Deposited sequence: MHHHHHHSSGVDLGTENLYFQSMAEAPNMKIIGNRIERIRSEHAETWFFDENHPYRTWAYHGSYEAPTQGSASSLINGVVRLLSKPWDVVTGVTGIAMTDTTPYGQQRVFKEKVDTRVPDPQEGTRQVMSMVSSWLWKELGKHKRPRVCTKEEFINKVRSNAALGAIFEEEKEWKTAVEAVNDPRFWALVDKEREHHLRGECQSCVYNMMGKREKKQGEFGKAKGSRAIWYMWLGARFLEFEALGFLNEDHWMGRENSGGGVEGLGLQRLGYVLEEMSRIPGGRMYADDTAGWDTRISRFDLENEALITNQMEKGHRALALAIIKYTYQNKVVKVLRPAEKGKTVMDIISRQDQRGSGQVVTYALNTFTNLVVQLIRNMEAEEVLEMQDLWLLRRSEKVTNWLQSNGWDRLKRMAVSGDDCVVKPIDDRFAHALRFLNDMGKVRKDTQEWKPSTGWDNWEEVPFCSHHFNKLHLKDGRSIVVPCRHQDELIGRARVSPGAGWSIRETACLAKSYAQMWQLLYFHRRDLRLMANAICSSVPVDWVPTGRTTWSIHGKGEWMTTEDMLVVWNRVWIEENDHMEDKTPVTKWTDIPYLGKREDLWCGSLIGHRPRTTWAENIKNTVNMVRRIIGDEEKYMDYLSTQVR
């Protein structure tokens, strides 16, 4: 039951109402329980190239399944929930660890205001002075302690999650104030110990293998049930402690982003109305993370590091059950942080809401009191049932992948990323936005295929499908679009450079975990997973329709070349 601060959100609700004053109404039968409701108003694709080249997966539901009533279903199940406040001692511990962590991350880095030029340069991955006049107007309100237009448009996706969109101008104001966390890699492994920001998916496995060698208990990788919805008002205040390291001007800009965008959010959501009509509801909420913000990932990484440090302190018996209610003496916490903090950070791989921890023993498994009091409840497990850890690092889930050690034909080991193949093909078959020419569709298909060549070459079906896609798209067409939104997708495949040369730069030359720098001169030297592992992770090798697809692949490529244009230049990546 939300108690809104009308002094902070009132201006935004009035600005929305002024835009839709003639259809605005108050629906006393609205469905919101934990969100404050303010009023309502009246409101109003498959990648063909990848589909044609992945026929066996037309009947695989794990693939095709990936492509207002639905949006309300997600809101009700996932977002319309309230977690009790942690106890005072739990909150004192949270603030202490956050303050200590912020000071560690800022020891060799300084907060800075990000510029309009940096933002414009990123948008090329804004030209109208009127856009910047609206931005200036909102910034002036922010510097006076007001907010008129930083409103979320929350779109639900029932597959399930909510994406909280914001206008480009509000995203710039957030980037200007807090973009330094991303732009200057505050969560990079070197700066944070436990973070992995800036590492590609190609390096994450080696991190987990390094952690497997640190003496201790099992490796724990518990997923929080709906992380963003479990970010409390107290996590938000602890995250805001970075403002204490900012110069006065910068500080004013950030305190306004934190107050209005993070801690007193105004959101517009769609809802079905009578006879096919749709209404827009204006709702507000003080806690939770607004999924989609410029620093969502960085602040999720920060708070997850804080939570894992607290769990280790409880496991190691630094914190006791008396400390939840009130932390009487805090010296023990400061001592553990100053003495062991860095060792424990280096024992973690934290990427937003995903974590892997290598505690000093298995007491970590039953250290749940502080974790549960902070509302960071583990997914698919009884609240008080001890966590299950892993003995084999190659089976540890992290960033929706697991990592396996394979060997090149010359004997050198490599550590590769892997996930269930259905998710990979399913995502490649999704085309965002409609009306694309065969150029945009084929260029996005080519991006997916070259991404698989660099990272998932060890999957039989993907190496074959990637080669058929690359043989069906003109060689000179530059890959375009976004294959992934993950910060671990560094885009080395977004090029017309030969992918075997790119593979060598990523896996050999620039790979600090590849001692011998001898180049790999042929794709047949690059291994696949064993057939057992390829099948476990969704391969269709040996399955009749896939066998027919592979036997007919040259005919399928020729058909795609015929559609695109037989006069274009193609290369045979299959032979």
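No alpha-carbon coordinates exist for the deposited sequence positions 1 to 23, 68 to 74, 98 to 102, 161 to 180, 215 to 225, 642 to 645, given here in order along the chain.
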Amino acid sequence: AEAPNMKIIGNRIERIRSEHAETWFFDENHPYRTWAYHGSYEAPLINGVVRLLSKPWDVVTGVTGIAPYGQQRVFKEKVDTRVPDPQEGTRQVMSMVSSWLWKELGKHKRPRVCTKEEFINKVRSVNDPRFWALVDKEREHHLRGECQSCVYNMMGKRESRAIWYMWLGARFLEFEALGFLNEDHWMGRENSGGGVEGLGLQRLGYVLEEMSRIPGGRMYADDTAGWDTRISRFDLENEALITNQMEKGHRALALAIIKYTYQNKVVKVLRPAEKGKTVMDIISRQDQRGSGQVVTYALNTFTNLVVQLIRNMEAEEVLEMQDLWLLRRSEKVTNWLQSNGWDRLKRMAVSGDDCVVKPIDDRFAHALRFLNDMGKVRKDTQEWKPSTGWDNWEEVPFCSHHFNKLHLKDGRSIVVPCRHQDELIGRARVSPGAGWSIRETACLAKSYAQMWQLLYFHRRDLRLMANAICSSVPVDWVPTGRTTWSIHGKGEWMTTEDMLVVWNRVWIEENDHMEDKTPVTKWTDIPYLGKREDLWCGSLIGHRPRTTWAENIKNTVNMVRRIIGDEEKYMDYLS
From here on, numbers count along this sequence of modelled residues.
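So that the term is clear: the rigid core is the largest set of C-alpha atoms that superpose within 1.5 Å between two forms.
Comparing 92 to 100 with 126 to 134 by root mean square Cα distance to the shown form in 4 other deposited structures of this protein, with the rigid core used for the fit, gives 126 to 134 as the more displaced stretch. The stretch that strays farther, by root mean square C-alpha distance over structures and residues in 4 other deposited structures of this protein after a rigid core fit, is 77 to 85, when 393 to 401 is set against 77 to 85. Across the other PDB entries of this protein whose models span the neighbouring residues, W549 is modelled without exception, so it is unmodelled in far fewer than a third. In the record comparison, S160 is unmodelled in at least a third of the other entries of this protein that model the residues flanking it. For the pair 83 to 91 and 290 to 298, the mean Cα B-factor is higher in 290 to 298. Look at the mean CA B-factor for 16 to 24 and for 560 to 568 in the entry; the higher one is 16 to 24. Looking at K248, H401, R233, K376, the one whose CA carries the top B-factor in the deposited record is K248.
Taking the PDB entry at face value, the top CA B factor among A162, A367, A466, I425 belongs to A162. Residue-level temperature factors show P527 in the lowest third of its chain, judged at the C-alpha atom. Ranked against the other modelled residues of its chain, the C-alpha B-factor of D136 as given in the entry falls in the highest third. Residue-level temperature factors show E146 in the highest third of its chain, judged at the C-alpha atom. When the CA B factors of the chain's modelled residues are split into thirds, the value for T64 lands in the highest one. Split the chain's modelled residues into thirds by C-alpha temperature factor. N555 is in the middle one.
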